[PDB]
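Structure 1 and structure 2 below are two forms of the same protein chain, each written out on its own as structure tokens.
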Structure 1
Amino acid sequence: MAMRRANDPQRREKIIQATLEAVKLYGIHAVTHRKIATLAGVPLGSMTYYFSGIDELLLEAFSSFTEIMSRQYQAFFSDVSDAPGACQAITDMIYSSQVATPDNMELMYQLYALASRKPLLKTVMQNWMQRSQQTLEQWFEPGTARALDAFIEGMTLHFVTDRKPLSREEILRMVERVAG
């Protein structure tokens, strides 16, 4: 019954992309095998034999999403070779508004919303934090690294939200305060 399943990579990848698509269309609370399968263009009967339940599918789909986010994250530090340059890169990450996009926000904050109800989704967030931490720890002590990532978490959102957000100058100064 482990050997009943076939694990097709084409079907799998379609189901994963349709899952993210379903989250956008319906909200994370409302996604189901049925909705996903319809978006995916696969038989509903198929779904059970790739992912046992909705949480495991959600896990795979969001893991795909945070993988992409982490590549973008690391890419901001491509030219960093000291602490002040690291601070500049973090300022870029916040000021560029390329992380906190409408599309990215819609997906990540739905992940965050449901993660206290769904342990697999909390695991996704925990893995994602650890990757960001490991990136920052190239240039910062672990406590400072965690402080910066929390600052980035908050400031990327607030920057695109506030009626009157901070200047890049203000952002760089605050980042430099946190770096110590």
Structure 2
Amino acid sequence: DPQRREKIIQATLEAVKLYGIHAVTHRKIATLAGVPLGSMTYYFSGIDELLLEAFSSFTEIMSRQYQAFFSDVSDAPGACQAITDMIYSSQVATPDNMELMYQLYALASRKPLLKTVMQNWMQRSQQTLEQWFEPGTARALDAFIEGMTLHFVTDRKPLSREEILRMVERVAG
């Protein structure tokens, strides 16, 4: 059943945030999903397979909200404003989605299938930006977004939206 699988997937993601990768178990995910422990075994082969599916699902939802910023963009100047919106909004409120995303970078370096998921996510992001930028610039821009977003977590001095826009437009070239 599609809906219970998805609840298990979401429970898995929330579980990673609360407990960390090593500490996650079937019992914790089942309690978090409100499902019988016996059903964790049905929908997935192992805890590892589950985590992989759940990280995959997570990147798909990152991409959907990524494009969301760009649904109204029709050219490169508009894209620089959107990218600026995205970075600025991260600054003013740290999205709850990034320590999960840094975990994934580390994990990808030891887990090839996760690396495959991550490359797939990156290509999605590139493809979005490539609507308005040549491929190299698109790669630069997406790197700058992720870098700035992380930077905000532990940065004390504030950056204004305009300062961010000026940086984004320098990268866009």
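Superpose the two forms; the largest set of C-alphas matching within 1.5 Å is the rigid core. Residue indices: 1-based, along structure 1.
* To do: Choose from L120, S63, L25, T101 the one placed at the hinge of the motion between the two structures, with one rigid part turning against the other.
  => Considering the domain motion between the two structures, the hinge residue is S63.
Q. Expressed in °, what is the rotation of the smaller rigid part against the larger between the two structures?
A. Spelled out, the smaller domain pivots 20 degrees relative to the larger domain.
Review point. In Å, how large is the CA movement of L44 between the two structures relative to the superposed rigid core?
Key: C-alpha shift for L44: 6.7 Å.
After superposing on the rigid core, how much does the Cα of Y109 shift between the two structures, in Å? Its C-alpha moves by 1.4 Å once the cores are overlaid.
**Q.** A89: CA movement between the two structures [superposed on rigid core, Å]
**A.** Once the two forms are fitted on their core, the shift reads 0.2 Å.
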